[PDB]
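Only one structure is covered here, and it is reproduced in the block below.
Chain letters run A, B, ... following the sequence lines, proteins first and then strands; every chain starts at 1. In what follows, every heavy atom counts, from backbone to side chain, and hydrogens, waters and symmetry copies are set aside.
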Amino acid sequence: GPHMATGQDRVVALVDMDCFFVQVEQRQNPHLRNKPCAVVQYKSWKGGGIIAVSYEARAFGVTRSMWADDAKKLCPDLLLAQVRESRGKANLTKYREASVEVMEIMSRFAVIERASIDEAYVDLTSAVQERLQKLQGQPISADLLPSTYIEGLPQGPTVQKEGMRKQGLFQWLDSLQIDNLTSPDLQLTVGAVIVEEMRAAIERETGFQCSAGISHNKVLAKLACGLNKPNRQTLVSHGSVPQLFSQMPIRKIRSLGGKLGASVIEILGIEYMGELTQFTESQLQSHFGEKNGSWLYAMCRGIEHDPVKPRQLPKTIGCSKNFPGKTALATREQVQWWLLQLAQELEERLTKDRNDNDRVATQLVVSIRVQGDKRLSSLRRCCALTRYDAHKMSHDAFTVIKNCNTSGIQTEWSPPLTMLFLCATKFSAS
DNA sequence: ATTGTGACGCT
DNA sequence: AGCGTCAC
Ligand SMILES: Nc1ncnc2c1ncn2[C@H]1C[C@H](O)[C@@H](COP(=O)(O)NP(=O)(O)OP(=O)(O)O)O1
Ligand SMILES: [Mg+2]
Ligand SMILES: [Mg+2]
């Protein structure tokens, strides 16, 4: 009752770019706009691998991971843009730079946590208080929320999508208690107003559209964001959680999409997030550990404490290449040449990072995968990163991995290498 | 023959 | 440190 905290202390948003790499390519090439199109990596094997899909193409069943030749079977008019290739490998620089455009705009409004190349969490608690005191008890007009959905509404006692959106928004705004600067629902609503402004700024200043979730924590904000993609934002209130979670598959919640979530389902014999409420905290800790158990106990009630971390920049800079099937590396000169290619791309990125961000990486991580290993990475080893020099970095990487060659003759490499990876980490101010 | 990333937990 | 999980 009076002492059960409800996880309503913060306003958190998650902003996620719509079909991001496609929008980057559509901005550059107007011929691709408003078309079924996808972004592909490589081309020789089965037309290349799709990594991003416009919503028009999704209507035909085109998905990420699909080979372009197969996507063309579903959508013969599908347009394609290829990822740039440099030093024999896909190079993601255009999309990293477009990401920086977006992240810098978001940072004007509040502290952000860069969660991926196309999404960031925003802690809007302080901006909301500021806007509430600036408002001074004035009601919030539906005109300030032109792309907002209120999850769970309309309910209780039109057949077009926009009409239903507005009905739900009207119900929400009519029930709002604007006199209380401490009402969590009012705080979320003001947060949604700010996120409308943020998303309008992103679109105006970059051309890119995005979706967003607004709630009281990161997990609910991320879940909310997906409910009404594309080009829309969704408010998930604390009160909306019991109905929303009552039919929400456990795998849809961030961090439960893999083996842990499958074990929750298997061990407890449940399917939906809401069913977790019927277990004690101790029961959940007994099955999934102290940390996971406490997290699940609170999360299924809509409560999570994970902070929005003040971090706009990636904390590692990595370069990797797969060598699948018959292309696996089997000679010493091959391994050396590709380590050099990776190191040269890495040195380029690291030198730019040092100039832009006043920091230097101090550790080099070298990872490989050998033919036959089902795991993604076979061995990882670190060494010192003291100079941004590609030849030195590639020589050091080879020195670190050379004992992995089981071949008697040095000139060959056994077993063949199906992946190389160089990662710069452990950044220090400079 | 997904690929190229990137954050964080465990021991 | 080196390995595993999870999601982009
Ligand atoms: N498995 C993968 N491998 C490589 N690149 C990937 C990838 N998954 C995504 N990307 C790249 C390409 C993606 O554009 C970008 C952001 O990933 P999302 O936010 O998961 N997906 P998007 O923004 O395309 O669509 P929407 O958010 O509207 O559903 O990261
Ligand atoms: Mg996205
Ligand atoms: Mg994303």
Side-chain angles (χ1 to χ4, degrees), chain A residues 14-17 19-21 38-42 44-53 63-71 82-83 85-96 99 113-121 218-219 222-223 225-226 251-253 255-263 288-292 295 306-307 311-325 327-328 341-342 345-346 349 363-369 371 373 375 377 379-384 400-401 418-427:
Chain A
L14 186 272
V15 177
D16 191 290
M17 303 304 300
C19 52
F20 182 48
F21 290 16
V39 173
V40 73
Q41 277 184 146
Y42 305 120
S44 269
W45 185 275
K46 282 182 208 203
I50 296 190
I51 59 170
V53 187
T63 64
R64 171 185 63 234
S65 98
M66 197 174 293
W67 299 114
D69 290 350
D70 298 334
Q82 299 177 246
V83 176
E85 265 170 77
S86 296
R87 319 217 146 71
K89 63 181 294 295
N91 183 315
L92 306 174
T93 295
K94 187 197 299 183
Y95 315 107
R96 291 195 184 95
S99 174
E113 178 184 337
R114 180 196 197 270
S116 79
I117 196 163
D118 91 323
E119 54 203 287
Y121 294 94
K218 293 160 68 172
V219 164
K222 172 67 176 179
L223 188 65
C225 182
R251 66 176 177 276
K252 303 298 184 180
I253 275 54
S255 83
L256 299 182
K259 303 170 180 206
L260 174 62
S263 69
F288 316 107
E290 175 184 318
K291 169 158 190 103
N292 286 332
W295 184 84
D306 188 26
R311 184 178 59 241
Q312 204 183 156
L313 306 173
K315 54 206 298 143
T316 55
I317 294 184
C319 300
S320 76
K321 186 158 193 294
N322 288 348
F323 303 95
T327 70
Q341 303 320 290
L342 287 181
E345 182 188 323
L346 187 55
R349 283 166 62 189
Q363 189 171 81
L364 177 72
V365 177
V366 184
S367 181
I368 69 185
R369 186 171 69 241
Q371 204 159 54
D373 192 338
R375 299 172 297 166
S377 152
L379 133 146
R380 255 171 283 188
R381 298 249 191 291
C382 67
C383 70
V400 165
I401 70 136
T418 51
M419 182 275 290
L420 296 178
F421 184 27
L422 299 177
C423 190
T425 186
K426 296 286 190 293
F427 278 91

| query | Counting just side-chain N and O atoms, does A/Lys222 come under 4.0 Å of either OP1 or OP2 of C/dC6? | reply | no

Per nearest nucleotide of DNA chain B, the residue lying toward the 5' end, A/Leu313 or A/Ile51, is A/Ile51

OP1, OP2 of B/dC10 versus side-chain N and O of A/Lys291: anything below 4.0 Å?
no

Under 4.0 Å between any heavy atoms, over every strand shown, what does A/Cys423 touch: base, sugar-phosphate, or nothing? Just pick one. nothing

Rounded to whole Å, CH2 of A/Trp45 lies from P of B/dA1 at a distance of 8 Å

Under-4.0 Å side-chain N/O to phosphate OP1/OP2 contact, A/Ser377 with C/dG4:
no

Taking 4.0 Å as the cut-off, does a side-chain nitrogen or oxygen of A/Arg375 come that near to OP1 or OP2 on C/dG4? yes

Among C/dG2, B/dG6, B/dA1, the one nearest any side-chain atom of A/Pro324 is B/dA1

From NZ of A/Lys94 across to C1' of B/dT5 the rounded distance in Å is 18 Å

Across all chains, not counting sequence neighbours, the side chain to side chain donor-acceptor pair (under 3.5 Å) partners of A/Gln341 are none

Using a strict threshold of under 4.0 Å (side-chain N to carboxylate O), is an ion pair present between A/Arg349 and A/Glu345?
yes

Walking DNA chain B from its 5' end, the first of A/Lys321 and A/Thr316 to be reached, judged by nearest nucleotide, is A/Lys321

A/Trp295 atom CH2 is separated from B/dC10 atom P, nearest whole Å, by 14 Å

With the side chain defined as heavy atoms from C-beta on, A/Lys315 is closest, among C/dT5, C/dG2, B/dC8, to B/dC8

note: A/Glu85, atom CD; B/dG4, atom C1'; distance rounded to Å ~ 13 Å

Taking B/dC8, B/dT3, B/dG6 as options, the one with an atom nearest any side-chain atom of A/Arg349 is B/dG6

>> Do the side chains of A/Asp306 and A/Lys218 get close enough for a salt bridge, i.e. N-O under 4.0 angstrom?
In response: yes

When rounded to whole Å, the CH2 to P distance for the pair A/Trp67 and B/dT3 reads 5 Å

Picking from B/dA7, C/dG4, C/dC6, the nucleotide nearest the side-chain atoms of A/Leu260 would be C/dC6

Looking only at B/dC8, C/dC8, B/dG6, the nucleotide nearest the A/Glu119 side chain is C/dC8

A/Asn292 CG to C/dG4 P, in whole Å, measures 18 Å

Report yes if at least one side-chain N or O of A/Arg311 is closer than 4.0 Å to OP1 or OP2 of B/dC8; otherwise report no.
yes

With the side chain defined as heavy atoms from C-beta on, A/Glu345 is closest, among B/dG6, C/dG2, B/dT5, to B/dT5

Atom CG of A/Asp373 and atom P of C/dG4 are separated, to the nearest Å, by 8 Å

* Asked: Using a cut-off of less than 4.0 Å, is there contact between a side-chain N or O of A/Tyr42 and OP1 or OP2 of B/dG4?
  -> yes

- Taking 4.0 angstrom as the limit, do A/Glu119 and A/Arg114 come out as a salt bridge? no

The side chain to side chain donor-acceptor pair (under 3.5 Å) partners of A/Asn292 (sequence neighbours excluded) come to none

When rounded to whole Å, the CG to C1' distance for the pair A/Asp118 and B/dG6 reads 13 Å

Any N or O donor-acceptor pair linking the side chain of A/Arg96 to the base of B/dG4 at under 3.5 Å?
no

**Asked** If only side-chain N and O atoms of A/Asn322 are considered, is one of them under 4.0 Å from the OP1 or OP2 phosphate oxygen of B/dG4?
**Response** yes

- request: Using a 4.0 Å heavy-atom cut-off across all strands, classify A/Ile317 as base, sugar-phosphate, or nothing.
  value: sugar-phosphate

Looking only at C/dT5, B/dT5, C/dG2, the nucleotide nearest the A/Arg381 side chain is C/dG2

Residues A/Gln82 and A/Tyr42: closest non-hydrogen pair is NE2-O, 4.2 Å

_Donor on one side chain, acceptor on other, A/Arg369 and A/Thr418, under 3.5 Å_ = yes

